[PDB]
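As structure tokens, one chain now follows by itself in the form deposited in one PDB entry.
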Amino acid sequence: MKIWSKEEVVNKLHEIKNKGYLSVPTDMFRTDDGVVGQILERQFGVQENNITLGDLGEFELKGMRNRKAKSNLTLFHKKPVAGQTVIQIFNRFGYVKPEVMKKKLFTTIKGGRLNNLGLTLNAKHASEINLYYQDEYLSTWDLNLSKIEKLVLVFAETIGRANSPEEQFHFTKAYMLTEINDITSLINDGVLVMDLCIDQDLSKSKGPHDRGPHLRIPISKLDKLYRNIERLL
């Protein structure tokens, strides 16, 4: 595997910035989300969302649009490893509305407080996030501290409408984030936020459409998660 140096990363960041506004490659398969990171990876010449730096270790490579308004960094996008599945949560806590029925669970969940549905998060160690309804346990996600310990986060200015085929991206700022704080307090103080998003056309014979649970943190709160935030570009 390719080993990078920090200087190589910084040089690459400048190389990309110097190209100006980049278009979305058409040979690239795309879903509804993640285009910024896809382009960033292509510009780094890599096929995954991480790179290994010499003695410094493995860094996630993440891209975001630059916005004045609030935005969120995604920390994970995955299913629980134990307890109730996302579908079993959806079946129980989702609600029905109409023409003919559709069922839905679009909810945001934090530690420290129950939300409108009675749902909340708890951690005993950083390593693990548990979904409860009130004091009843439901499911568990693992948070891989090792994966998020070290991050190269790159911001793009854009022209054109977000997620359109004609959108263009100019990567102009980047940061190296390391030295991760104990996440227990960030979960239990409501800093890290989970979302569940599942719905279903109850007339049809198609299964539920689960967009996949996310754990996210506001960009404005990154200094609560990382003790060392260094501007690279």
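The term rigid core refers to the most C-alpha atoms you can superpose between the two forms while keeping them within 1.5 Å. Residues carry their position along the shown sequence, with the first being 1.
Keep in mind that the form deposited in another entry is not shown, yet the notes after this line are about it.
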Only residue that shifts (Cα, 2 Å or more, rigid core superposed) between the shown form and the other one, among 189, 166, 48, 179: 48
Taking the rigid core as the frame, does residue 110 move its C-alpha by 2 Å or more between the shown form and the other one? no
Superposed on the rigid core, does the Cα of residue 212 end up 2 angstroms or more away between the shown form and the other one? yes
For residue 198, state whether the C-alpha moves by 2 Å or more between the shown form and the other one after rigid core superposition. yes
Just to spell it out: taking the C-alpha atom of residue 11 and the C-alpha atom of residue 50, is that distance smaller or larger in the other entry than in the structure shown here, given it changes by 3 Å or more? farther
A change of 3 Å or more separates this form from the other: in the other entry, the C-alpha atoms of residue 50 and residue 177 are farther
